[PDB]
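Before any comments, here is the structure.
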Amino acid sequence: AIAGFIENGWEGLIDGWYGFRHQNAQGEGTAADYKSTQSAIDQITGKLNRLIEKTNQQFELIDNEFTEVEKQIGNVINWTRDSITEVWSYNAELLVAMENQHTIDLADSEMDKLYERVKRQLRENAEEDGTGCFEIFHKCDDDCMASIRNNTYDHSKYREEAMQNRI
Amino acid sequence: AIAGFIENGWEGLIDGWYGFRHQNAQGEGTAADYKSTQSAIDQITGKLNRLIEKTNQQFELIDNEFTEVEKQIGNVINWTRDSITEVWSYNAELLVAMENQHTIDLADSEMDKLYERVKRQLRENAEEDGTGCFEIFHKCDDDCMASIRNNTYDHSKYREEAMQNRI
Amino acid sequence: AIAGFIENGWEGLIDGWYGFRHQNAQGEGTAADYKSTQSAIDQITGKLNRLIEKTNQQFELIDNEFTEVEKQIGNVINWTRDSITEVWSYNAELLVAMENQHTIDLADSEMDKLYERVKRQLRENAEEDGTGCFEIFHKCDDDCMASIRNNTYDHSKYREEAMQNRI
Amino acid sequence: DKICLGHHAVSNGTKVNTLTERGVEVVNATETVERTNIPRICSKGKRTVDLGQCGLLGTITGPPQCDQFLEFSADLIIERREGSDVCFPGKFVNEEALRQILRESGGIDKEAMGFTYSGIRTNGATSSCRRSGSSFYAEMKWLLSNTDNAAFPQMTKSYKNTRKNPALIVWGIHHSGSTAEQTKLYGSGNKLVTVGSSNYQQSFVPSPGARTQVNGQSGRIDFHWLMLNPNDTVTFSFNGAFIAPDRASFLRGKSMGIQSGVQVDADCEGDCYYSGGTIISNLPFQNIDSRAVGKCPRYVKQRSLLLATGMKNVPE
Amino acid sequence: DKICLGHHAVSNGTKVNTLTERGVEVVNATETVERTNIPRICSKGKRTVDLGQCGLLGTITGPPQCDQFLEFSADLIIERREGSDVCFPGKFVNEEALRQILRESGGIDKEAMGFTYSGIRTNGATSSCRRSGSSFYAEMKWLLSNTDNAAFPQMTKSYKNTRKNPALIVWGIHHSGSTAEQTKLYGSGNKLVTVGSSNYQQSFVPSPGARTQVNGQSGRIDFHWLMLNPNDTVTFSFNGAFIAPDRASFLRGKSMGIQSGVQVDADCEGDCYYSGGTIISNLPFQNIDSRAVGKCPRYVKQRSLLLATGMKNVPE
Amino acid sequence: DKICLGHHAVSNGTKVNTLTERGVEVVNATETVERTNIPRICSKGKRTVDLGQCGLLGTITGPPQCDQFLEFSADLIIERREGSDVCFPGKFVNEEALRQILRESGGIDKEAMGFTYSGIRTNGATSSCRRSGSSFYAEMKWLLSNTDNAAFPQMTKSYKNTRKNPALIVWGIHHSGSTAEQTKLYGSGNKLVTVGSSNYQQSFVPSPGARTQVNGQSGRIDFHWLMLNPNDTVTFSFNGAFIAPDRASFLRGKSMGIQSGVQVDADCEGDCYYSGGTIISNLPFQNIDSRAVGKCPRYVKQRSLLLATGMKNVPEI
Ligand SMILES: *[C@@H]1O[C@H](CO)[C@@H](O)[C@H](O[C@@H]2O[C@H](CO)[C@@H](O)[C@H](O)[C@H]2NC(C)=O)[C@H]1NC(C)=O
Ligand SMILES: *[C@@H]1O[C@H](CO)[C@@H](O[C@@H]2O[C@H](CO)[C@@H](O)[C@H](O)[C@H]2NC(C)=O)[C@H](O)[C@H]1NC(C)=O
Ligand SMILES: *[C@@H]1O[C@H](CO)[C@@H](O[C@@H]2O[C@H](CO)[C@@H](O)[C@H](O)[C@H]2NC(C)=O)[C@H](O)[C@H]1NC(C)=O
Ligand SMILES: *[C@@H]1O[C@H](CO)[C@@H](O)[C@H](O)[C@H]1NC(C)=O
Ligand SMILES: *[C@@H]1O[C@H](CO)[C@@H](O)[C@H](O)[C@H]1NC(C)=O
Ligand SMILES: *[C@@H]1O[C@H](CO)[C@@H](O)[C@H](O)[C@H]1NC(C)=O
Ligand SMILES: *[C@@H]1O[C@H](CO)[C@@H](O)[C@H](O)[C@H]1NC(C)=O
Ligand SMILES: *[C@@H]1O[C@H](CO)[C@@H](O)[C@H](O)[C@H]1NC(C)=O
Ligand SMILES: *[C@@H]1O[C@H](CO)[C@@H](O)[C@H](O)[C@H]1NC(C)=O
Ligand SMILES: *[C@@H]1O[C@H](CO)[C@@H](O)[C@H](O)[C@H]1NC(C)=O
Ligand SMILES: *[C@@H]1O[C@H](CO)[C@@H](O)[C@H](O)[C@H]1NC(C)=O
């Protein structure tokens, strides 16, 4: 019923990019992780701010459309312009493909670091389910869901019960 | 006897790149994992398909070798050609070094994906040994080793004997 | 309150880039690692040496600054030179940005490689706190701390003590 | 009981390329190659000249199509496809270089030289200009001598270029339509024109044309281009056919003028221009035209390159 | 018990460059810089003309060695080191531009100029050009003044381009190599050549003197060329030294011309050639020659660059 | 007990630019764009000719400023703004191509042309070229008519290149300051100079008139040149107003040229030079001069690009 980033995304998570889904006896719901989404979107925005940097170099026209240039110089110009076009087409495709690879891998890195943050916050009172779910071995409702989202949850809550529950 | 990917590589896998090796009642079994191998090969093949691609921009002769061309335009042509050669030599050196770095990191990431997938399947029984292998506390026969090789393995049922042996 | 790694860092580490800091009751203190430091610095120096990229292509002087060249070829030279300069400025900014991203990601991944090596080397005898320390349940002073600082540590002799705790 | 960490997804996203594979679906991506142009020239806030039947190269010479644009300042100079640089047919010997500096010249300022001699007739009857009647360019004289059977006098006229700016000197040589025209329009005998400077030192000789009837009249004008450095002197020593300039041309400053085939829109501003319109987007690349002027996105051949802005889209 | 994870290895791999280490050993890698080539030009699927002992401009001028190529039609044009553009000594002006045009022309479609002459002799046979006896260029009419020691009448010929493609018109000027020979051949007096069209204007003057001996001759015939836009007309006004065209040359389509010193080979079917062989490969880079023509790898300085195809090699 | 891992951090640090974010703090970074220069030419180890008052093209024709450079041999050629290519007013035609040829030439090896003249004055001189009071280009002959206001006979001269290297042959065409000057010298009539070889053919005509005074005499010489292939011949045919070569110029080898305004430094060795100095650096980029020539960093427009050498400087509480 409930599955995380390992196998699928959440089609219903519109407010925010990263978040936590709570399935319990004490209700059910979804809430976004403000800091993770804010970091990812500001970091990607910075990437776009780099991409849209202007050249700040004005280029004059060298060739002439209305009246042709001399064939010798025109052919040298077309050779140079085509070589420059090939260089910029290569650089544009390599940059877009490489940055798309970095954007996807970066988003996965953010997913893994947030996942590990949760794992290291829960420590021995929770276990991974291998799908993105964490199995919680103590009874708890939304108060600790918020404490996890707020990075305030402490594991010192009847640890012995969770160990007995998983030993 | 047999070490994993962290300590060294292993000579002997002729079919595929990635695989599993284990000690059990039968002894030193070896098998390849063809799905992670095909994933890595497909990504490398796509990378080479992008790199091993020829352009469609046709270039003709600008200067001659049978007779010399005007010295000033000839030197401008040689300078432009040499600068383009320097640009493509830089781009080729950086492309090969960067893509070789991505290929090596790709292979290590795929090895890590296999390692992590096994860890997540094994749960409390994973017992990483620091060499790139997993110590199995329950007595695991050939059928459970095969179940680990593919993606259908139950961490339960074994947990009781595994934890009695572990603790 | 010595938990630098996840959040604060160590501003007091003098001898190396990576190291160990100890909370042991006999007296707290800091020591540096040299092997992961030497590896990271060797890779970074390798990058700087690769990045020298000293050319062996001799470029002559075409544009005469004392007497101007014919204006049409002069503007051809200025356009070609400015396009080449834009290509090299793009390549330099992209190369430096890539190398800085890879240098930071490499150094952070080297700190993660050391961290993961320590966690696996300690097996189940230590628990992550999630701020940048390992909580060691067995108390020890010179042999275990030197063994952990090194790449050789026997986790068996302390396995019973660590497993007796927490449960 | 159970908690879950996950990420957003969409029922159908967009496809971007990566280093290892093509067609990778992501939730959100933007374009890095601009495809949408503005059909009109965005010149808002900048001084412009919308030069029509007159070409840019004619702003020195003064064809009847732009007599009113002989002297101006401009930030953006626009030449049109229909533009012509002649009244009487002719061509510039170094046409592209002079056009290249005019597009970078910022406009034009002028200073009279002179040629205050006798035996010369300024109008130079041409039937290709009808502003009032037969005439030549506003800024040049046809030194035709005393009509028929009139030898041309030897002239040695120079200009000192006393201002600090370099001087743009444009003059010409008339190739008549026949030998009879050289004999009766400029007189019998040989024709020699020698132009000196500290760096020019070039002579020209006209020849009988016998050329096709382009714009009715046969023959051609050679428009010759000279640059002077500050305080230099241009010397025109001649007795042959000669088209005498009245005024030297000087530069104004920056222009980056663009040749264009579309109407001017003064209510929009931008810096990238091409013959088919303008680019006002801030994307790093375009596939609209490689022949861009100004602070413009870099030209690529790919129609579109999508840069991911979201994460990998894995639908439920 | 124990389950171990790992990867394959090889006993002897290859070395590749990376971003942190220049010599990282990998299990497998391929070459990205091609050094292998085929010693012969490849023509399968393309119409190929092999101009053995013939220069490309001899397909326009028509020396005896080029007699079979006056109307050649080909996709690939091969020039040879041993070939020549002329048989009677001389040089083309802007010969590089003309070769650049011809190498892309698709071949040459010759069409008669239709010039009729009177008062001259149209033979002009010379000992340097032979076709079982003295001859001249197949496509050029060397026009002499009657027999000898007589004035050459001035003639003004013209040609109109009525086809959709631009017409290539080629003519020459004969520098006799001696003033006495010029005055015996074309008579005494000053000589003058004017040639022009709506977008072309040139004049030439014969220059007698003394020159070295090539193929036993002392004179030199230089060749000039003109492009005519569709529906345009060219005029040729001469007082002698016509070296008149007999046929206009039209471009058939598109081609890619090359220079080569090696034999042609039908079987390979390659897409890019260089002097000395053909480069048939799918690799992105080459280290064979920088002056490559076609759609083929970009030249790099590196002898070899190895692109890893497998993972890194840990030899144990 | 607690075992903490961590990393070296600094209280100050520097900033670098990354692909994703600008201004990322790092503990250490270096520069990849060279901004430092040496305001002098590091010519150590190379034979250097410092052409102070001598223009490079005058090292072929030999104006007084080039008296000591007539047969110069050098690996590095330094040109300066204060120098001149000519002494008698004039210029070279296709002067940039000839300068480009000379800069890599390796120096000049002159061989006697072997032209024998009779019936003319071969000792012409001008007040603008004063080697000892009144002289002309040392390596070229100013050929005048037998007497003033007298005919100059037409002559044909030729040279065969018997060396394995091609010869650089330079000749001048004298454009008189007046029709009287072209009548007083050389005699009346139309003048013509024709020059040719198996693969070269040009014809030049002097044009008398009137010009402004430059460096004294209001005349001009246009200096033309050709390359002569090995085993070929050159024929010069002239009726007057032709400045004949006295010696053929062969190229010695390989060199590079510099245009600069700075002192030559023979105690330091550098890789490339520019108008303001020498660039000695092992950094891949420079932001000082886009037209530097030699084997040295590529020019970028970035004032400084900081390449991290340390890791990200996360500050400690
Ligand atoms: C454009 O081309 C002109 C000549 O055609 C050239 O003068 C420009 O650069 C010149 O560079 C010199 C040294 O770098 C400098 O001293 C000179 O002032 C400068 N020209 C002007 C007008 O400022 C060429 N442009 C570039 C960017 O090199
Ligand atoms: C250089 O390439 C340009 C185009 O990239 C050529 O100009 C085009 O030629 C085609 C065919 O004649 C026309 O339909 C286009 O309108 C032309 N465009 C422009 C902007 O001129 C140009 O002729 C080429 N130069 C040479 C010497 O071949
Ligand atoms: C431009 O560079 C080419 C080389 O790519 C030069 O061609 C060489 O010229 C020398 C002249 O002696 C020959 O010996 C070589 O065999 C030529 N090599 C090739 C590959 O053609 C060419 O001369 C250069 N042009 C100028 C003006 O310097
Ligand atoms: C967590 O933070 C939210 C605001 O983001 C607040 O409304 C909620 O009460 C907090 N919960 C806890 C347990 O701190
Ligand atoms: C995994 O391997 C075992 C070994 O026999 C096989 O029975 C099982 O069906 C395999 N799983 C899948 C999904 O094919
Ligand atoms: C372990 O580390 C200590 C330093 O704390 C060093 O002196 C000792 O030699 C090391 N031993 C080994 C086996 O590496
Ligand atoms: C997704 O599907 C809807 C179905 O109507 C369609 O309207 C929309 O355009 C689609 N979007 C994409 C990006 O495919
Ligand atoms: C995609 O990003 C743009 C901003 O660039 C935003 O306006 C749009 O809503 C985003 N769409 C989705 C589906 O995230
Ligand atoms: C590398 O892969 C290619 C693929 O065609 C193969 O031909 C070659 O033999 C392989 N080399 C090694 C050493 O595995
Ligand atoms: C040339 O002019 C004729 C006039 O009858 C016209 O029919 C033809 O289409 C024109 N050709 C071109 C290419 O303009
Ligand atoms: C930073 O790196 C440079 C590398 O050239 C080195 O010289 C410098 O000493 C380093 N500084 C510090 C504080 O590590």
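Ordering of the structure tokens sets the chain letters (A, B, ...), residue numbers begin anew at 1 in every chain, and ligands are numbered from 1 in the order given.
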
List every residue of segment 76-188 of chain F that DSSP, applied to the backbone, labels as strand (DSSP E), and write the result as a PyMOL selection string. chain F and resi 76-79+90-92+108-112+140-142+155-160+167-175

Could you superimpose chain A onto chain C using all C-alpha atoms, paired one by one in order, and tell me the resulting RMSD in Å?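 Once chain A is fitted onto chain C, the C-alpha RMSD works out to 0.9 Å.
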
Please provide as a ChimeraX atom specification all residues within 10 Å of residue 262 of chain D, with the sequence filter that same-chain residues fewer than 4 positions apart are discarded (counting only C-alpha atoms). /D:38-41,78,80-81,274-278

Take atom CA of residue 114 of chain C and atom CA of residue 40 of chain B and report the distance between them in Å, one decimal. 26.3 Å

At most 9 Å from ligand 4 (only C-alpha atoms and all ligand atoms): residue list as a PyMOL selection string: chain A and resi 33-34+142-153

List all protein, DNA and RNA residues that have an atom no more than 7 Å from any atom of ligand 10, counting only C-alpha atoms and all ligand atoms, and report them as a list in words.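 Sorted by chain and then by number, the residues are residues 162, 163, 164, 230 and 231 of chain E.
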
Determine, counting only C-alpha atoms, which protein, DNA and RNA residues have an atom within 8 Å of an atom of segment 119-123 of chain F; residues of the same chain fewer than 3 positions away are not included. Present the result as a list in words.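 The neighbour list is residues 141, 142, 143, 144, 145, 146, 147 and 152 of chain F.
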
Got a sec to pull out which chain F residues are within 6 Å of chain D, counting only C-alpha atoms, and send them as a ChimeraX atom specification? /F:209-211

Write the residues of the selection above to a file with N, CA, C and O atoms, as a PDB file, in the first residue's frame.
```pdb
ATOM      1  N   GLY F 209      52.938  61.582 -59.622  1.00  0.00           N
ATOM      2  CA  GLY F 209      51.879  62.512 -59.276  1.00  0.00           C
ATOM      3  C   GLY F 209      52.293  63.576 -58.280  1.00  0.00           C
ATOM      4  O   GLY F 209      53.129  64.426 -58.584  1.00  0.00           O
ATOM      5  N   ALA F 210      51.671  63.584 -57.106  1.00  0.00           N
ATOM      6  CA  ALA F 210      52.067  64.491 -56.040  1.00  0.00           C
ATOM      7  C   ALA F 210      51.637  63.876 -54.719  1.00  0.00           C
ATOM      8  O   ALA F 210      50.561  63.282 -54.632  1.00  0.00           O
ATOM      9  N   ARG F 211      52.487  64.012 -53.702  1.00  0.00           N
ATOM     10  CA  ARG F 211      52.196  63.449 -52.393  1.00  0.00           C
ATOM     11  C   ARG F 211      52.744  64.372 -51.314  1.00  0.00           C
ATOM     12  O   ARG F 211      53.634  65.193 -51.557  1.00  0.00           O
TER      13      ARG F 211
END
```

I need the chain A residues near chain B as a list in words; criterion: at most 8 Å, counting only C-alpha atoms. residues 75, 76, 79, 80, 82, 83, 87, 127, 128, 129, 130 and 167 of chain A

Pull out every residue of chain B that has at least one atom within 6 Å of chain E, counting only C-alpha atoms, and report them as a count of residues only. 37

Could you pull out the residues sitting within 6 Å of ligand 2, using only C-alpha atoms and all ligand atoms, and write them as a ChimeraX atom specification? /A:65,71,74-75,78

Write a file of the just-selected residues containing C-alpha atoms, as a compact mmCIF listing (two decimals), in the first residue's frame.
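Result file follows (selection_14.txt):
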```txt
# COMPACT_ATOMS: atom_id res chain seq x y z
CA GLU A 65 23.51 38.04 -46.55
CA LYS A 71 34.39 33.26 -52.34
CA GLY A 74 33.45 33.39 -47.65
CA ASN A 75 34.61 29.77 -47.76
CA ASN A 78 31.93 29.26 -43.53
```
